[PDB]
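Enquirer: Have a look at the structure that comes next, please.
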Amino acid sequence: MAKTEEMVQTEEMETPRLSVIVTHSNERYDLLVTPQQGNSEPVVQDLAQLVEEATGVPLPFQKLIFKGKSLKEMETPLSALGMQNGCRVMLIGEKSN
């Protein structure tokens with residue numbers, strides 16, 4: 001029905017070219033899944049990272065909810081960390097700029 005069978009949008013040395021959708025309200029930034037895991041399964045960092053890096057905003061300022069995962073430095077299992085091109089990650093709070 002939507003993003004799943006991709007794994008080839010935003011490339012990087014360990015990423016399998018994975019690009020995540022980072023939104024806040026609607027405010028969307030293309031973010032890339034965090035390399036040096038197994039490319040397919042992003043690190044615990046990634047879920048927070050994507051929502052964080054999209055605007056450059058610190059972890060406390062964004063409440064990232066996506067992939068049944070919530071933003072933290074080491075939150076939920078890496079296999080579940082968005083194994084698709086980047087998956088989705090949306091933070092509701094503030095993409096502070």
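In the structure tokens, the first chain shown is A, the next is B, and so on; residue numbers restart at 1 for each chain, and ligands run from 1 in the order shown.
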Check region 32-96 of chain A with DSSP on the backbone and list each residue it calls strand (DSSP E), as an MDAnalysis selection string.

Expert: chainID A and resid 32 64:66 69:70 88:91

Enquirer: How close does each residue of region 25-81 of chain A get to region 8-12 of chain A, giving the shortest atom pair and distance in Å to one decimal for every residue with an atom at most 8 Å away, counting only C-alpha atoms, sorted by chain and residue number, as CSV?

Expert:
residue,atom,partner,partner_atom,distance
A:31,CA,A:10,CA,7.8
A:32,CA,A:10,CA,6.0
A:35,CA,A:12,CA,7.4

Enquirer: Excluding residue 70 (chain A) and any residue of its chain fewer than 5 positions from it, enumerate the residues within 12 Å of it, using only C-alpha atoms, and give them as a list in words.

Expert: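 The filter keeps residues 44, 45, 46, 47, 48, 49, 50, 51, 52, 59, 60, 62, 63, 64, 65, 75, 76, 77, 80, 81, 82, 88, 89, 90, 91 and 92 of chain A.
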
Enquirer: Env of residue 54 (chain A): 9 Å cut, atoms = only C-alpha atoms, seq-sep filter 5 positions within chain, self excluded. Answer as a ChimeraX atom specification.

Expert: /A:22-23,28-31,49,95

Enquirer: I'd like to know which residues of chain A are helix (DSSP H, G or I) (by DSSP, run on the backbone); could you write them as a list in words?

Expert: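 So, restricting chain A to helix (DSSP H, G or I), we get residues 44, 45, 46, 47, 48, 49, 50, 51, 52, 53, 54, 55, 59, 60 and 61 of chain A.
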
Enquirer: Using the selection just defined, write its residues with N, CA, C and O atoms as a CSV table (one decimal), in the first residue's frame.

Expert:
chain,number,residue,atom,x,y,z
A,44,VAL,N,19.7,1.6,17.0
A,44,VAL,CA,18.7,2.2,18.0
A,44,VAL,C,18.7,3.7,17.9
A,44,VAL,O,17.7,4.3,18.1
A,45,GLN,N,19.8,4.2,17.5
A,45,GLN,CA,20.0,5.6,17.3
A,45,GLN,C,19.2,6.2,16.2
A,45,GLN,O,18.7,7.3,16.3
A,46,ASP,N,19.0,5.4,15.2
A,46,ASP,CA,18.5,5.8,13.9
A,46,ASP,C,17.1,6.5,14.0
A,46,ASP,O,16.8,7.5,13.4
A,47,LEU,N,16.2,5.9,14.8
A,47,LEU,CA,14.8,6.4,14.8
A,47,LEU,C,14.8,7.8,15.4
A,47,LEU,O,14.1,8.7,14.8
A,48,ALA,N,15.6,8.1,16.4
A,48,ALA,CA,15.8,9.4,16.9
A,48,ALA,C,16.6,10.2,15.9
A,48,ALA,O,16.2,11.4,15.7
A,49,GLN,N,17.5,9.6,15.3
A,49,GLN,CA,18.5,10.3,14.4
A,49,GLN,C,17.8,10.9,13.2
A,49,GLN,O,18.0,12.1,12.9
A,50,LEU,N,16.9,10.1,12.6
A,50,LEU,CA,16.2,10.6,11.4
A,50,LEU,C,15.4,11.8,11.7
A,50,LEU,O,15.5,12.9,11.1
A,51,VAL,N,14.6,11.7,12.7
A,51,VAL,CA,13.7,12.8,13.1
A,51,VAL,C,14.5,14.0,13.6
A,51,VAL,O,14.2,15.2,13.4
A,52,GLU,N,15.7,13.7,14.3
A,52,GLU,CA,16.6,14.7,14.8
A,52,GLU,C,17.3,15.4,13.7
A,52,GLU,O,17.3,16.7,13.6
A,53,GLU,N,17.9,14.7,12.8
A,53,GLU,CA,18.8,15.2,11.8
A,53,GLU,C,18.1,15.9,10.7
A,53,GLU,O,18.6,16.8,10.0
A,54,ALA,N,16.8,15.6,10.6
A,54,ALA,CA,16.0,16.2,9.5
A,54,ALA,C,16.0,17.7,9.7
A,54,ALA,O,16.1,18.5,8.7
A,55,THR,N,15.9,18.2,10.9
A,55,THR,CA,16.0,19.7,11.2
A,55,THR,C,17.2,20.1,11.9
A,55,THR,O,17.5,21.3,12.1
A,59,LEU,N,17.4,15.7,20.6
A,59,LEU,CA,16.4,14.7,21.0
A,59,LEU,C,15.3,15.1,21.9
A,59,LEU,O,14.1,14.7,21.6
A,60,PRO,N,15.4,16.0,22.9
A,60,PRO,CA,14.3,16.4,23.8
A,60,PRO,C,13.3,17.2,23.1
A,60,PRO,O,12.1,17.2,23.5
A,61,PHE,N,13.6,17.9,22.0
A,61,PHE,CA,12.7,18.8,21.3
A,61,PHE,C,11.8,18.1,20.4
A,61,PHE,O,10.8,18.7,20.0

Enquirer: Measure the distance from CA of residue 85 (chain A) to CA of residue 57 (chain A) in Å and round it to one decimal.

Expert: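 Separating CA of residue 85 (chain A) from CA of residue 57 (chain A) is a distance of 22.1 Å.
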
Enquirer: Counting only C-alpha atoms, which residue out of A:2, A:97, A:78, A:41 sits closest to residue 18 (chain A)?

Expert: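 Result for the nearest residue to residue 18 (chain A): A:41.
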
Enquirer: Identify which of the residues A:37, A:56, A:43, A:17 lies closest to residue 69 (chain A), counting only C-alpha atoms when measuring atom-to-atom distances.

Expert: A:43
